[PDB]
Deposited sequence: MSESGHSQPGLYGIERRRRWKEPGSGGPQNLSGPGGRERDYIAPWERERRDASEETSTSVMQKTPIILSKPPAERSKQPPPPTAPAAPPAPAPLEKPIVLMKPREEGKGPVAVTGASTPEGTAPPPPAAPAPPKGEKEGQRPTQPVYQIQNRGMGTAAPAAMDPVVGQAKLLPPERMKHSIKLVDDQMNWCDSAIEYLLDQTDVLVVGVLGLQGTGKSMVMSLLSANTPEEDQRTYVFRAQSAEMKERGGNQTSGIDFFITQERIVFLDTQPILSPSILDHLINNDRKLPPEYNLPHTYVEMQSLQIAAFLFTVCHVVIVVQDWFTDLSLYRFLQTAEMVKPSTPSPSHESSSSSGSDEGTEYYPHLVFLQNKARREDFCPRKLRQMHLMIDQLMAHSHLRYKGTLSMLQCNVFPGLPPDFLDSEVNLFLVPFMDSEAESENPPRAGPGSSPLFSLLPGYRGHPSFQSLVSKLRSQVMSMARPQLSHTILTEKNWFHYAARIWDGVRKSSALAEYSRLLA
């Protein structure tokens, strides 16, 4: 009853030029009941840094040991991305993760200028051509943001929720506002978010509510659940940092170590519904993904939407 293998760093599932890499079956098993986690977001929100702290890393570790490489100051000072495609990784608990290429990334577009309507329209297709994949082969999707209320993102998801190939499978969704500040934790503002997210996605058909209640996870101690009309699945993550004089400052929010330990749980404890109509294993999932990918590029809804631009 020896173990299968052990992963120390991510691999690549999709090439940087939209090409499937079959260098992952050597790490999968033939068992069932697997979880998958996808990610969507802008350029520098902190999506590659979150999937790592949830997969196998911890905050005490250094940024150089993350399974999913993060951004270095060499590029932040000049603008740039570091993901370049879609990654892959598995944990001891047999949970799959999938970091992704940024959504509406100028650095990607800037690189295309130095290398078929226009490069702007092509990039507008890649994201939907990616987001439609995750919405077809994943159980959870973590939508990361650096600030709050970017309508250009909420109006993008529906476009993807109406482009996939095929009662119907609508996966879960999570809204994680990274780089949060003290004001983002006051309850008077907390209810404003849930009110805005629900009205902007009331007809999204995605499962964005009735799960992952940060209100009951001991974040806000004295708040009753009747304070929010509709508690959507939203979470917050902050910015990493004789006796009287040695007191710390009023940060006004829980420590980054605590919150991450809570999200690692709630996400790991999510549901695991059946994607297809066949109880599939970890290996058949891979083959299924290749089937979707080959059906997303040479599709009809995408090409039709491309010409409208």
Discussion item. Ranges lacking C-alpha coordinates, please, mapped onto the deposited sequence and listed in sequence order.
Written reply: 1 to 170, 286 to 292, 344 to 360, 436 to 451, 520
